[PDB]
């Protein structure tokens, strides 16, 4: 498979959006957590089908498959949330009809800071002018950077990210730099996922 072809299959593998909605009345700690939780449940179902569409993922052992989805699922969700909210300052686009204002974060104890960390990282991706095609490779690298067919798969995604950056036309050095900047941003997603998780544990 060529890089371009790898990208095209990732593009077609995007999960469908989820059918949700904001309760008409003002959010409460209960209804906001109820909404986020139902949303994630449906996204988690679609995430499994998405990973199965990544070229070579189903050829991995069932155990490795489950292992990857299990250890980086909050990260895959957050980066999708960031991509969706990239062009909307102060807003988190959890789902097409589940758009939350930053200030709504005070509706839940301790979610405000997590919202703020998501908004900041999203702003960095915006400043970097992240492209939708680079978002697809970066998302697949989060799921896979955790040995043999796996390393092969990661390499393929990496060559697909490099091909996408080459098509932007900047210089060779600026292409390396851009690569380094995209990858260093994923470690920020890792950090916010760890805090979001602890935020969940203490909560439920």
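Positions refer to the first chain, counted from 1.
Compared with other deposited structures of the same protein, residue 9 does not meet the criterion of being unmodelled in at least one third, since all of those that resolve residues on both sides include it. In at least a third of the other PDB entries of this protein that model the residues around it, residue 23 has no coordinates. Deposited sequence between residue 146 and residue 147: 10 or more residues lack coordinates. Looking at mean Cα B-factors across 38-46 and 51-59, the upper value is held by 51-59. On average the C-alpha atoms of 25-33 have higher B-factors than those of the other stretch, with 64-72 and 25-33 being the two compared. Split the chain's modelled residues into thirds by C-alpha temperature factor. Residue 108 is in the highest one. In the deposited entry, the Cα temperature factor of residue 124 sits in the middle third of values across the chain's modelled residues.
Residue 168: CA B factor in the highest third of modelled residues in this chain (values from the PDB entry). When the CA B factors of the chain's modelled residues are split into thirds, the value for residue 20 lands in the highest one. Annotation for residue 1: C-alpha temperature factor in the highest third relative to the rest of the modelled chain, per the entry.
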